[PDB]
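1. So I pulled this structure from the PDB, and the sequence comes with it:
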Amino acid sequence: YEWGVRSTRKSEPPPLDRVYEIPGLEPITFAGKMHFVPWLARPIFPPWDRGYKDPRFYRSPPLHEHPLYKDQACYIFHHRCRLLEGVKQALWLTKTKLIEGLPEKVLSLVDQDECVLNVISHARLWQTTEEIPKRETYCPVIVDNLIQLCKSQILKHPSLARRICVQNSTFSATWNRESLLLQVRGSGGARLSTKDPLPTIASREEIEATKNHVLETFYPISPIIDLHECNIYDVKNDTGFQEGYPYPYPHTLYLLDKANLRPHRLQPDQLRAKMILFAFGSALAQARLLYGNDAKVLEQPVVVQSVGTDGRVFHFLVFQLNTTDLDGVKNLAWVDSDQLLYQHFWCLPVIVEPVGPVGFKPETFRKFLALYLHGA
Amino acid sequence: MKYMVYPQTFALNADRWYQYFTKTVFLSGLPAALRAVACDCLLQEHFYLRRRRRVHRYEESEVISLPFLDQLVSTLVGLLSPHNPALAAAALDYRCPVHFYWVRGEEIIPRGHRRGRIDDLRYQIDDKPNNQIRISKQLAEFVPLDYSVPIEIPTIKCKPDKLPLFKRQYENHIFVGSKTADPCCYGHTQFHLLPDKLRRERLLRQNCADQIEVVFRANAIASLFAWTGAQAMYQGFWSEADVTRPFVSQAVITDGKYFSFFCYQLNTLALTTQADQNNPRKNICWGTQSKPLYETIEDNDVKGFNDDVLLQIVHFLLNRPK
Amino acid sequence: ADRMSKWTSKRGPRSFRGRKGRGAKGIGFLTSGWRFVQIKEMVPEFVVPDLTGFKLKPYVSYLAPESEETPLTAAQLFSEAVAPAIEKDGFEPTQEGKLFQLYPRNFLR
Amino acid sequence: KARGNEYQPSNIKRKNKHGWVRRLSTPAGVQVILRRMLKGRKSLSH
Amino acid sequence: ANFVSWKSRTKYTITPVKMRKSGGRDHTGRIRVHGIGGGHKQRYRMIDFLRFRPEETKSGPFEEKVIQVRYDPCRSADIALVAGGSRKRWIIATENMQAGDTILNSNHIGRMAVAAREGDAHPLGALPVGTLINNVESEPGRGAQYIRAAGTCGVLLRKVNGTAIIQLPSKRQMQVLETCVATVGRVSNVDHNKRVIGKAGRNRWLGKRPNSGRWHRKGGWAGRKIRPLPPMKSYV
RNA sequence: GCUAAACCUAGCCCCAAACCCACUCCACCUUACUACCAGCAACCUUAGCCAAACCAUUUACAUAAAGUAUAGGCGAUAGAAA
RNA sequence: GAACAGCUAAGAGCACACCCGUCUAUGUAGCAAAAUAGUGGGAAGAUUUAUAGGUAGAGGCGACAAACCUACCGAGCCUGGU
RNA sequence: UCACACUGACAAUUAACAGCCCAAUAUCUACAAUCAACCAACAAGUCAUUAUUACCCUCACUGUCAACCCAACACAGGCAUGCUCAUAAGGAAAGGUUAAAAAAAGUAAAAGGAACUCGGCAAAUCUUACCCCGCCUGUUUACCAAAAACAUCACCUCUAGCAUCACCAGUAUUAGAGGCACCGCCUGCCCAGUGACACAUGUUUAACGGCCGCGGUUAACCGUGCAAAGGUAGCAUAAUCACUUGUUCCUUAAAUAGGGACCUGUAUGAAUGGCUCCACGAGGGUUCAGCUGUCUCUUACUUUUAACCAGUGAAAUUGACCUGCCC
Ligand SMILES: [Mg+2]
Ligand SMILES: [Mg+2]
Ligand SMILES: [Mg+2]
Ligand SMILES: [Mg+2]
Ligand SMILES: [Mg+2]
Ligand SMILES: [Mg+2]
Ligand SMILES: [Mg+2]
Ligand SMILES: [Mg+2]
Ligand SMILES: [Mg+2]
Ligand SMILES: [Mg+2]
Ligand SMILES: [Mg+2]
Ligand SMILES: [Mg+2]
Ligand SMILES: [Mg+2]
Ligand SMILES: [Mg+2]
Ligand SMILES: [Mg+2]
Ligand SMILES: [Mg+2]
Ligand SMILES: [Mg+2]
Ligand SMILES: [Mg+2]
Ligand SMILES: [Mg+2]
Ligand SMILES: [Mg+2]
Ligand SMILES: [Mg+2]
Ligand SMILES: [Mg+2]
Ligand SMILES: [Mg+2]
Ligand SMILES: [Mg+2]
Ligand SMILES: [Mg+2]
Ligand SMILES: [Mg+2]
């Protein structure tokens, strides 16, 4: 089955005049005139090429001519890359362990609700003029309000002033598996930076013991399946800042996912996979900026967090990169899926049920505050 | 049908027209870590933040002016929390529309089937600030109720339709930052920013060099008036039921380098002729000239930085609500 | 639905009115999400000279003499500019790389 | 019902049906315009 | 007479292509088939009828995996997207094909028979005698065309030399080459003929206008014709 | 006597002779009366009313020869040339 | 793309806006070459509708009225054969 | 010059309201909307990019009026979107005098409340039983017939082994051409004739269509002739030629009206579909309690109308008329 349809494709041109097949006179064509003519023969114009370059009407060369056209097709990854399997694909591409439970230090750092409820109600109903808002409206608003609520505790911890939450921040990182080349790209949300690096959660004992278990395969599905295959990518890594910039080390990737429609969302499993991939890429970029580009085992492992999206459902991911040589030891990540703060909200009164959220739990806010603290 | 008032306008000498439509009183003047943080926030978007896509002149105010201002406001709110505890529990809305509706004066139909009938012309300000702060409690009064200040108000001896200000019909909205069912209804400071249209370079290219500060003054006046009117209507007050207490407000404007501050003091809400013949009160709106925050930036280093602007920003953000 | 009214920008609906218009000669182009860019090169720059010391007036006096009309043509111009042609015993063959070309109206008035 | 209103006004449909371009697109409109010109009408098309 | 066919998509895309209904109209504008038009909007999904087709730099067999089983509005039988390797492709779903199942796609004609599951596919030269099959192709590398509706399934009769006679669901014998590929089992969406419509609302939603009102006088073609089976048509 | 009729110049038709017009400025093939950007365009027996009381054959769109030879359900009608 | 209040609870019932027009009485140069007030069926669906394109007479369409196709369609109008 | 929106000159409307649109190479768009978070489905669905090449010249153009459109008009005719379902907006049924006759829109009734009329037809009291047709809902002659017809889901007949322009981007549970029309009993005979399928002297009837006559014993039954079969079940004077106001009971005191059982129905009848059946039809009839001036027997009142005063001001029609009755 050939997809195309002859009627939709470009119509085949008419047959050349029988006068050109005579070797070799001058076929009297209408080239002398500047308009279509029915009688007389049809000429064969040459391929015209514009002398000057017009940005409004500029044609790019083909793929066979480029400055860095490589033969090894590297598969890049971005926010739009919707995975297929789920978290297992991200774990295989990153080579890290999956722990179903947050660390002990973060949970212990915890040791109020009216403010959170008011902020939720505001962002969900009162933050706009019209009724029944949309995800694209209250998702970034919810994220910003939560960040502000978490940062308002600077009076208690004076060390929370040495950080900032930027917006348009990107990153890049390249690594090999067995043995193709991969690549990642920046995000499209927020990003919290810190002056000093985060502390090491897991010790070297766990890093050495992780050599026992292995990765989880998924035959016959390949780790690419959904990753974007794109040539001409430039392997030269890059970050979102330049040398000598305050607050260089990251802390928590506050990426969001707008989209008012369900099909335009990223799903929980695929969103967690994308978050893990982004955290691994940021950690690798930070390691390459601190150390060299050689493949070896790092001595001072870094830590990069990330929070889920969606005003209702929420996810947590605490990455911990300790080795740059993939191809040995591996990393470990702590996940907390399907946390979801408040179950449902009733913008209008149904006829029975008041105007407000239902099914709220404070553990989500406590975990958010603990993740925001960590270093303070 | 009501005149669609735009705070960010480009008309000439629109300050007098706005003062007449609002009945205000303008008055010139006012009633180490922070500097480093501001310089870092600047240099960030000015050089450090590697832009994937090449930014042009039209995509500058929307990619380097808004994020930098947002980061500056966030850093200020975070650093001023210990000294100002009222800012910790404050609600900050990033990019939220501000609407307000009111009536002013009368107007007889010139031609049509409605000729010979009094039609009170209406107005509406649909401001869209970049980010504002909200506090449950109200700000102090600064200026007492009912002030003399003998400076008169512009007259405007012509139809208001002459100035590029046309009429349009749509849903009348009176919105501050949230709905009436919210405790965080009051605020204090407000931030704005003009687009590539109202650029001082564009005004210098033409001959409207004297309108540079006038545009900022009119925008600040419109924003403050809309804010105060909407927040007073949220409390139940309106034309007939005049406000019993003043609704002071503050707003800061800029364009990318020059900064200036403006104050306000809402005194009355009855702008119609039915309650203006015996209304000796009037609103006030303080202001200052535009000063440059920094001369230029070389690669990754400020040149002539200014500390007075930062000091004024700190003084404006540290005002505690009584 | 008259057939005598000249079709202008005050007849068609919103789309027609927006697309059509008067013969005012556009300046620049339109790109992006409704972002018209003005090209300074296409803007008509009026070269106005200095009128200081201009002893001429837009009205002639009645005391001037009457003379016959002499249609200036190529032959008259060549006869007037014949000094170097006779002294020899200034012409361009191709004006493709010329700024103010003759046959192709590249200038304006 | 009242069938006296058989004409629905619309400039787009009028210009698309009795348009100069639609007329010249086929010899029908060409002959129509030629006849209208030979007759001497002031308005040839809509 | 502006009539452009929406079937304009060279690249095999997975997203539902916007289907522009026809209503029985041809390129001119006249109706040639009554009873088509006025239905609910639908979106066609590019189906990959050709079961066997390796990806880039590939040749040998390759396994597959089922992800989900969705419904197709353009046909009676449901579908189920299956991912194989570094790409995906919509294909027809078989009976008892749950999510996560493994589908084998090979083309090597083994010496003996191969016990095929209820989803995999192998050439007719490696199928036991008397086995229900569907999505049979006409020529080597042509594409599935026969037996593709809901519940339809043809049984394998016998093999003669390098050919194989397939008993189509219509009790008609068809000789197909042995090197051709064809799925096994019956198509999903069982008990479809028993699906009672209930009301004309669903009939109109499906996109079927009511029949004409002319009282056609039944002629000679209305009588029952007890015809025998037709001769076996081959493609060799 | 109120309402109402009277005025030839404009112009046209029939002929002789001769072969007539088509860029002050700008637009004119898309929504003609629009300054400014990447597609195939025509070469086809005319039919029919009518007449033969209807109609199916058939019927036209210089002078003389001569309406002669001829065709015509051998009829209404057609119809030349040397 | 838009439309469908409200009440009792499924191409459910009543009922706003809206689509259609079974009867009464006025008129047939009438307001109207198909109108006026009430009594009526539908009104979450096979429904109505704003925009544009396509199907035209030796035909198109038709939940068939052999009905409709710009006020007269058992088959339209205008040009020449009239 | 109903009365004074009719002539020549005077200038508004200023866009920010919506359009005027995206330079290419290739590659990613499967987990609906219905407060979308539980359930719950079917009609399977309305909004999103990637690396590179080249580009940092920027605020021009179209409408901004009104009592407005389409119907020969200043026409009781038609017109969608957001807001209020009587308002902050939107208008004057009465040019003056009288109550002629008649007509239309309404108000009240001593007594009956369908006895007037072919008919419970405008009127409000307001709801019940028995029959015909159709399954419903909807569509049907725009503009006299809006149904008992057209259609509808169920049933069944015939044709096709199949890719690029509708069918179809489909594959004998599919597509095309058709009779009737769910559910219950069900649908009995036939190719003599026409047509179709045949190439096997045949099959097809849920194709077009047809399913006996005579004498004897109201009748089992007997003999005879024709033919492929001689009307099967059912139902009944029906929506059913004439006989026919059929026989008979009820329904009115008064019944060619209606319902209940019978067929000499010689011309009813089983997908030309026959008989029952819980829902429903502005489809067609009867009827028990209540009624409304339809009547017995009508009147009084308000408005338009009606009569005089002022003006604009006509149609169809007219042979001229000095325009009667009886035989
Ligand atoms: Mg049918
Ligand atoms: Mg039928
Ligand atoms: Mg004749
Ligand atoms: Mg209903
Ligand atoms: Mg109803
Ligand atoms: Mg009929
Ligand atoms: Mg005649
Ligand atoms: Mg207007
Ligand atoms: Mg009319
Ligand atoms: Mg009046
Ligand atoms: Mg009167
Ligand atoms: Mg009475
Ligand atoms: Mg009676
Ligand atoms: Mg009587
Ligand atoms: Mg009645
Ligand atoms: Mg019916
Ligand atoms: Mg219809
Ligand atoms: Mg009718
Ligand atoms: Mg109708
Ligand atoms: Mg009717
Ligand atoms: Mg029927
Ligand atoms: Mg039968
Ligand atoms: Mg009878
Ligand atoms: Mg009776
Ligand atoms: Mg009905
Ligand atoms: Mg009079």
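-> Structure's in. What do you need? Numbering: from 1, shown residues only, chains lettered A, B, ... in the order given. Ligands and ions are numbered 1, 2, ... in the order given.
2. measure the residue in chain E that chain C sits nearest to to residue E:17 for me?
-> Going by CB to the nearest CB, chain C is nearest to residue E:2 of chain E, at 19.0 Å. Yep, even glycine has a C-beta here, placed from its N, CA and C like the rest. The gap separating residue E:2 from residue E:17 is 20 Å, by CB to CB, to the nearest Å.
3. same deal with residue B:253?
-> For residue B:253 relative to residue E:17 (CB to CB), the value is 51 Å.
4. who has more neighbours, those two?
-> residue B:253 (25 against 15; other CB atoms under 10 Å in any protein chain shown).
5. Scan chain A for its longest helix.
-> helix A:268-290 (DSSP state H).
6. list the contacts for the spatially most central residue of chain D?
-> Residue closest to the average C-alpha location in chain D (CA atoms, centre = their mean): residue D:18, at 3.0 Å. The contact partners of residue D:18, by CB atoms under 8 Å, 6 or more residues apart in numbering or on different chains, come to D:45, D:46.
7. ok, it to RNA strand G distance?
-> For residue D:18, the distance to RNA strand G equals 10 Å [CB to the nearest atom of the strand, to the nearest Å].
8. And for residue A:275?
-> From residue A:275 across to RNA strand G, the span is 32 Å (CB to the nearest atom of the strand).
9. again with residue C:27
-> 31 Å.
10. Residue B:302 touches residue B:46, doesn't it?
-> No: the pair residue B:302 / residue B:46 is not scored as a contact, 9.1 Å apart, by CB atoms under 8 Å.
11. Specify the beta-bridge partners of the spatially closest residue to residue B:229 that is not a sequence neighbour.
-> Excluding its sequence neighbours, the residue lying closest to residue B:229 (CB to CB, 6 or more residues apart in numbering or on different chains) is residue B:100, at 4.6 Å. Beta-bridge partners of residue B:100, counted by DSSP bridges, are residue B:125.
12. which residues touch residue B:100?
-> Applying CB under 8 Å, 6+ apart, the residues contacting residue B:100 are B:124, B:125, B:174, B:175, B:225, B:226, B:227, B:229, B:230, B:233.
13. now do residue B:59
-> Listed by CB under 8 Å, 6+ apart, residue B:59 has no contact partners.
14. That one in helix, strand or coil?
-> With DSSP: H, G, I helix; E, B strand; the rest coil as the basis, residue B:59 sits in coil.
15. For residue A:57, see how far away it is.
-> 21 Å.
16. Remind me which helix or strand whatever residue of the stretch 201-350 of chain A ends up closest to RNA strand F belongs to.
-> The nearest approach of the stretch 201-350 of chain A to RNA strand F comes at residue A:232, 23.8 Å away (CB to the nearest atom of the strand). Per DSSP states H and E: residue A:232 is located in neither a helix nor a strand.
17. That one touches residue A:65, doesn't it?
-> No: using CB under 8 Å, residue A:232 makes no contact with residue A:65, being 10.7 Å away.
18. more neighbours, the two?
-> Counted by other CB under 10 Å, residue A:232 and residue A:65 do not tie: residue A:232 has more neighbours, with 12 against 8.
19. if I look at that one, how far off is chain E?
-> As defined by CB to the nearest CB, to the nearest Å, residue A:232 lies at a distance of 18 Å from chain E.
20. Cheers, nothing more for now.
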